[PDB]
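Protein chains: 2
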Amino acid sequence: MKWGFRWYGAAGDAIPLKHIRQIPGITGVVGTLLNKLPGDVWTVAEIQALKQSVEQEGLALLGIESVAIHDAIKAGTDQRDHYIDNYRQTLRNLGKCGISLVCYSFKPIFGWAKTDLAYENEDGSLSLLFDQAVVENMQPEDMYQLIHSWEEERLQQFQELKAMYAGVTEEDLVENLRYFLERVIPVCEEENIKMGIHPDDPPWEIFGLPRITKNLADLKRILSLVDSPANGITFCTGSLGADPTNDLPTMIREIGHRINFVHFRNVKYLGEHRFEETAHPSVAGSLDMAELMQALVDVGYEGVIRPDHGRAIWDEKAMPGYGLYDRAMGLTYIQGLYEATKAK
Amino acid sequence: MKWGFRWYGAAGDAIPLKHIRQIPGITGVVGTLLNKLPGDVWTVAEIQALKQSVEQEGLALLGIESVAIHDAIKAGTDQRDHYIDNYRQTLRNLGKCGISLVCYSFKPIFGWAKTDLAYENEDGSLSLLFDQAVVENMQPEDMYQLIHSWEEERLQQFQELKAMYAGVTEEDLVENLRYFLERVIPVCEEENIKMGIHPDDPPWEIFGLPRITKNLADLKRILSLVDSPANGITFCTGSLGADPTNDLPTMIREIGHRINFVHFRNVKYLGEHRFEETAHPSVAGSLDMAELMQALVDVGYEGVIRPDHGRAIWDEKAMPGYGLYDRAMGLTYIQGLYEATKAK
């Protein structure tokens, strides 16, 4: 079990690396060149740089996340062939630098959605909240404006993608992910890398925009596109946990053999279709974590795992779910779960 | 299981209470009026004040620690009768304010000993270290000077104590605690309070000075003095852990029914009789925390529990062990072990 911890590298991440390496148990981190944009090619030079700054503080670079999934490959445009080629190229670069894990997501226009991104709790901490009620009475562009902070120089940025993905049905997207996998997975194996796709949060349709990975249904389907251990899935218990109809345990046991990454974060049901992020321990939220930790051992999972967004606590300037405190605190609780559970 | 956390109240403790209450899982804290000196009487006014400042931040006052164990009661002087009376008096005050737990220690001259109180680790964190080799080549007074930071005044101060306990032996000291225990235990049962004697650290003799509360053999002798639940023993797995001869888990199963308080701390051996403090998780120490938590469940211990000393991390100014960080990082770890353990 490689205890990981997301890090934005020596840039923007106000979290020094000499501090993360002081977390008890950490085995490494999961980085991502925030410079490059969707579609760019990651040069061995940049990858080597990142990996180095990490190993300097005696931390291993467990895998890179935020990857370049250009809208072309997703929508199904024609330029996708050039981007799927620039993607397989970086894939060769990552393998050349030893990287073996890549996390990615096939989401349409919104990489993430949240109505209230500063919800205060009883303990006086801030959290990200998503209320379906608010998503209804709000225009699709407003969400864009929100997750990208009057910005008119970005208005067309959204109005274009909308007109682009317009017409792309659910099954169409699955097919575009097929084309993508069929041309990136093969090289993954050559370079010896496992790709892990990030589920949708929330795990349900919003703004009539079709999303595939949101339940054991699609998950199973994702694995079918290309039957290969390289075509795996990261497990963000939180993201999927947001939908109470999603039996997290069974799932892990159902498709655990294909989990290459895992975001062990807890969520709280502050209402019907509305919910929030909270502390890792079960008492804090609505997800029985112990049970979840038991299900991972069952599938014999021993890969990289990292706590996900938590809360903005202890008077930190950082936006909730991006600071060191609650995340690091979360990283020790799960090891406590693991240890004991594994002690059987 | 009441998840506790030591707090020095709104004084000296640079750790705001609104921050501790943000630790996931905390159910309360364990305070102590740092104002009063050995032998003083705690007035309901002061106790009520403390309890209040705690409940203000929605935290419960699980119990008070640092208590007034005047050298008179310990050495066996004559003024002990007046102090054992001022002690039973505060005991009445604590009961009047709802307090039900009191931690105390029957140590001679040194309340704690450490040779290097700024030991740097690989991860770049500071820790408290105790090397028996250094304790040998150093004068008894030097330790005093050390744990009380060259004053000629302190010299006499120590020189006095030395003469005060000159001639006192283990069994000699056992009676002094007996005496005291026979006049404090009955008051505890009436006020509805439980006590927990603290084990020495290191759990062995230093500078010739006698010490009882060190190994299992004596631990039983403590309970023996006055067979009653109020006569309990605060299990500090860290101290008892320094001596590899102490079968931590076994003694928990033996005198476990009488444990009224527990400090889940971990120690990392670094030589013969030289150890240091480290992160709570087994991977960063030498004690099997998973196994220890287990033993606590077998006995059915669901009382107050708090992580103890940790390390100086993240460039925290606080002295290693007294900070907020590494201590919370553990309070969520031990919770994992428990949840994971009870999970069957």
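Residue numbers (my numbering), protein chains in the order written: chain P, 4 to 347; chain W, 4 to 347.
Every residue, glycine too, gets a C-beta built ideally from N, C-alpha and C.
For the C-beta of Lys21/P, the chain W residues within less than 8 Å are, from N- to C-terminus, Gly127. For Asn89/W, the enclosing alpha helix (DSSP H) begins and ends at 83 to 99.
Within the same chain, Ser285 come within 7 Å of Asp291/P by CB-CB distance, once the 5 residues on both sides are set aside.
DSSP places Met322/P outside both helix and strand once states are collapsed to three, so it counts as coil. Across the set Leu132/P, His201/P, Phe210/P, the C-alpha of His201/P shows the shortest separation from the C-alpha of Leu104/P. With a cut-off of 8 Å on Cβ pairs, the region 152 to 165 of chain P is not in contact with the region 296 to 312 of chain P, counting fewer than three such pairs.
Among the CB atoms of chain P, one or more fall inside 9 Å of the CB of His283/W. Taken through DSSP and simplified to helix, strand or coil, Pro252/W comes out as helix.
Using a Cβ-Cβ cut-off of 9 Å, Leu290/W does not count as an interface residue toward chain P, since no Cβ of chain P sits closer than that to its own. Against chain P, the beta carbon of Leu340/W has neighbours under 7 Å at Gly339, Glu342, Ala343, listed in chain order.
Chain P places no beta carbon closer than 9 Å to that of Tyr122/W, leaving this residue out of the contacts. With fewer than 16 neighbouring CB atoms inside 10 Å of its own CB, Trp153/P falls in the exposed class. With respect to the C-alpha of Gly28/P, the residue from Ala346/P, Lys347/P, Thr344/P, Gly333/P having the closest C-alpha is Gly333/P. Of the other Cβ atoms in all chains shown, 16 or more fall within 10 Å of the Cβ of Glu279/P; this residue is therefore buried. In this structure, the beta-carbon distance from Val44/W to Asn96/W falls below 9 Å.
For the C-beta of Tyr325/P, not a single chain W residue is nearer than 7 Å; the gap to the nearest is close to 16 Å. For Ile67/P, there are no C-beta contacts with chain W under 9 Å, since the nearest C-beta of that chain is about 24 Å from it. Contact between the region 245 to 265 of chain P and the region 228 to 237 of chain P is present, with at least three C-beta pairs closer than 8 Å.
With fewer than 16 neighbouring CB atoms inside 10 Å of its own CB, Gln59/P falls in the exposed class. Taking C-beta separations shorter than 7 Å and ignoring five residues to either side along the sequence, the partners of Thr172/W in its chain run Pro213, following chain order. The three-state secondary structure of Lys5/W, taken from DSSP, is strand. Rounded to whole angstroms, the gap between the alpha carbons of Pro252/W and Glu294/W is 7 Å.
Any Cβ of chain W closer than 9 Å to the Cβ of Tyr304/P would place that residue at the interface, and such an atom is absent. Counting every other CB atom within 10 Å of its CB across the protein chains shown gives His260/W a total below 16, marking it as exposed.
Under a criterion of Cβ atoms nearer than 9 Å, the residues of chain W adjacent to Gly28/P are, in order, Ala282, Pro284, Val286, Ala287, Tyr336. For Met198/P, the enclosing beta strand (DSSP E) covers residues 197 to 200. For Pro310/W, there is no enclosing alpha helix (DSSP H); the enclosing beta strand (DSSP E) covers residues 307 to 310.
At a cut-off of 9 Å between C-beta atoms, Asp311/P does not count as an interface residue with respect to chain W. With respect to chain P, the C-beta atom of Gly31/W has no partner C-beta closer than 9 Å.
Not a single C-beta of chain P is nearer than 9 Å to the C-beta of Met322/W.
For the C-beta of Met296/P, the chain W residues within less than 7 Å are, from N- to C-terminus, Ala343. By the C-beta density criterion, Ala315/W is buried, having at least 16 other C-beta atoms within 10 angstroms. In the DSSP annotation of this structure, the continuous segment of the alpha helix (DSSP H) that includes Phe183/P starts and ends at 173 to 194. For the 9 Å CB-CB criterion, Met167/P and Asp84/P do not form a contact. Chain order gives the chain W residues near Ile316/P as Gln25, where near means a beta carbon separation below 7 Å.
Contact residues of the region 231 to 255 of chain P toward chain W are absent (C-beta to C-beta distance below 8 Å).
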